[PDB]
Amino acid sequence: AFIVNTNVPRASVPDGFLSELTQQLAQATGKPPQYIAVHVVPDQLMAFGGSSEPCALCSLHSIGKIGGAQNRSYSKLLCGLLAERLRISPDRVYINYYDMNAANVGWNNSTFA
Amino acid sequence: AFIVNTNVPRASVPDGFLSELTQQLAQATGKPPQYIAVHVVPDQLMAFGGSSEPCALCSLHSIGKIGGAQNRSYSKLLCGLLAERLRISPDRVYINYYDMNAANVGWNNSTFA
Amino acid sequence: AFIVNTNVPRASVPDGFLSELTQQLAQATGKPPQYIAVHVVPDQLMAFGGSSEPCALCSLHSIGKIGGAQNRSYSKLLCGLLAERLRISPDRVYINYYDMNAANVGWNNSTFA
């Protein structure tokens, strides 16, 4: 799943943003879009560097598809999207990447193990 | 702690839901309910598989009590509650499990180490 | 980043709270305040020990500066702030500490690796 928490207001999140994230992450990770879950949380009380200018804190959790070169590529993609769509400067974005073990991901009454 | 983020609206979360999560997680983990913390976040902007049908993204963090068989059992329990109480299909739920080191959990001005 | 989720209402969060967090975390971790990100989420549906008295579930993610003694010191600091500013008892606070690999933190179109 990909989560974005931001102080940008809800009205500034364009219609279609969750779909675009879904599509671009499917493409970037090489996973079918049926597996991709996205969550956007606007209107947050947040600061970055002490400033309340637009910012984002995000997380990308994946079973595999995480690593040094991949995460550089995801960061370019996702900063690009946040800059274009939400008008958040890339230097005011953090994204934490998490390589999840299949045994530690529940789904459909079981886990992926 | 157990956290559930969902697009299901607040009005659809039944009375008693946090209490029932607390009780059933105490029972499933074998921990006294005094230790259990629960957090439910409805009304979220979320998609799963590109669809906005009811879904959930959840986390369970625990100092121990995490593992292959345990996490399957937690998933059956928790998907069952989400399906019964919130009408979320089990195949539209992800739960990330985290086995926390006691030195990495703060509480009461210190950590559990 | 430091994130606090609480059932305390927004009106009970004092002016200056994000800034005081930012200043005190910079001091505690050594890190320049320009890189510190903070996020406060009030008005949450949460329970701790089955009770809805004020409580908080927090996360602190850092590239390094995490460890047994450091996390104890962060907990004293952060519990003290939550007690003084939000009137939350320290024994109703959990803080999860995460030592992030630089390759798993995206910022400014790249990662910190």
Side-chain angles (χ1 to χ4, degrees), chain A residues 3 5 59 104 106, chain B residues 1-6 13-30 32-42 44 56-64 66 70-71 73-75 77-78 81-82 85-86 93 95-113, chain C residues 2 4-9 12 39-52 54-61 71 74-75 78-83 86 88-98:
Chain A
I3 300 116
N5 300 277
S59 71
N104 292 334
Chain B
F2 178 62
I3 301 113
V4 46
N5 298 277
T6 179
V13 179
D15 288 349
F17 191 54
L18 289 184
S19 303
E20 184 173 27
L21 289 170
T22 301
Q23 160 189 111
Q24 295 296 316
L25 288 165
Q27 179 53 224
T29 60
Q34 298 91 332
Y35 288 87
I36 302 294
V38 299
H39 180 197
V40 176
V41 192
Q44 298 298 291
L57 298 177
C58 310
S59 288
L60 181 63
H61 298 82
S62 183
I63 298 166
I66 298 295
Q70 288 172 108
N71 294 355
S73 183
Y74 301 147
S75 299
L77 170 74
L78 296 161
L81 290 163
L82 296 169
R85 308 302 185 213
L86 306 186
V93 173
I95 306 164
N96 283 355
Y97 296 99
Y98 299 96
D99 184 0
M100 297 303 293
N101 190 273
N104 289 337
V105 184
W107 174 71
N108 193 34
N109 303 306
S110 189
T111 69
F112 282 108
Chain C
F2 177 65
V4 43
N5 301 273
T6 180
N7 55 349
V8 168
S12 300
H39 177 197
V40 183
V41 193
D43 294 294
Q44 299 300 292
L45 304 172
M46 320 182 86
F48 194 119
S51 160
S52 63
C55 64
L57 298 178
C58 309
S59 72
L60 181 63
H61 297 79
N71 297 354
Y74 304 148
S75 296
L78 295 161
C79 291
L81 288 162
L82 296 171
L86 309 187
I88 301 165
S89 177
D91 64 0
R92 294 180 58 76
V93 176
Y94 287 143
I95 308 163
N96 284 356
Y97 297 97
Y98 300 98

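Both backbone and side-chain heavy atoms feed into the values below; hydrogens, waters and symmetry mates do not. The sequence lines fix the lettering, A, B, ..., with proteins before strands; numbering per chain opens at 1.
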Worksheet item: How far apart are the C-alpha atoms of B:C58 and B:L82, what are their side-chain angles, what is the distance that settles it, and do they pass the side chain to side chain contact (heavy atoms under 4.5 Å, CB included) test?
Response: CA-CA 11 Å; B:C58 310; B:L82 296 169; 4.0 Å; yes
Item to complete: Run the numbers on B:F2 and B:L21 for side chain to side chain contact (heavy atoms under 4.5 Å, CB included), then give the verdict.
Response: CA-CA 8 Å; B:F2 178 62; B:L21 289 170; 4.0 Å; yes
Worksheet entry | Evaluation steps, side chain to side chain contact (heavy atoms under 4.5 Å, CB included), between B:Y74 and B:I95 | CA-CA 9 Å; B:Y74 301 147; B:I95 306 164; over 6 Å; no
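A distance-only check finds a donor-acceptor pair linking the side chain of C:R92 to the backbone of C:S51 [under 3.5 Å]. Between the side chain of C:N96 and the backbone N or O of B:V105 there is no donor-acceptor pair closer than 3.5 Å. In this structure a side-chain-to-backbone donor-acceptor pair under 3.5 Å is missing from B:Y35 to B:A26. The main-chain N or O of C:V41 is never found under 3.5 Å from a side-chain atom of C:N5 such that the two would form a donor-acceptor pair. In this structure, the side chain of C:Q44 engages the main chain of C:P42 through a donor-acceptor pair within 3.5 Å.
Nearest heavy-atom pair, C:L86 versus C:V8, reported as atom, atom and distance to 0.1 Å: O-CG2, 3.8 Å. The shortest heavy-atom contact between C:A56 and C:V4 is CB-CG2, 4.1 Å.
Looking at heavy atoms from C-beta onward, C:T6 lies out of side-chain contact with C:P54 at the 4.5 angstrom threshold. Under the 4.5 Å side-chain criterion, counting only non-hydrogen atoms from C-beta, C:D91 is in contact with B:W107. When side chains are defined from C-beta on, B:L25 counts as touching B:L78, because their heavy atoms get closer than 4.5 Å. Side-chain contact check for C:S75 versus B:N109: every heavy-atom pair is 4.5 Å or farther apart. You'll find the side chain of B:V38 stays beyond 4.5 Å of the side chain of B:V40, heavy atoms only.
Interatomic distance, C:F48 CZ to B:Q34 CD, rounded to the nearest 0.5 Å: 10.5 Å. Interatomic distance, SG of C:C79 versus CG of B:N108, reported as 7.0 Å (0.5 Å rounding). Atoms CD and CG, from B:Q24 and B:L77 in turn, are 5.5 Å apart once rounded to the nearest 0.5 Å. For the atom pair OH of C:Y98 and CE of B:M100, the computed distance is 4.5 Å after rounding to the nearest 0.5 Å. Atom CD of residue B:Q70 and atom OG1 of residue B:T29 lie 9.0 Å apart, to the nearest 0.5 angstrom. The NE2 atom of B:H39 sits 7.0 Å away from the CG atom of C:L57 when rounded to the nearest 0.5 Å.
When each of B:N104, B:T111, B:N101 is checked for a side chain to side chain donor-acceptor pair (under 3.5 Å) with C:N71, only B:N104 meets the rule.
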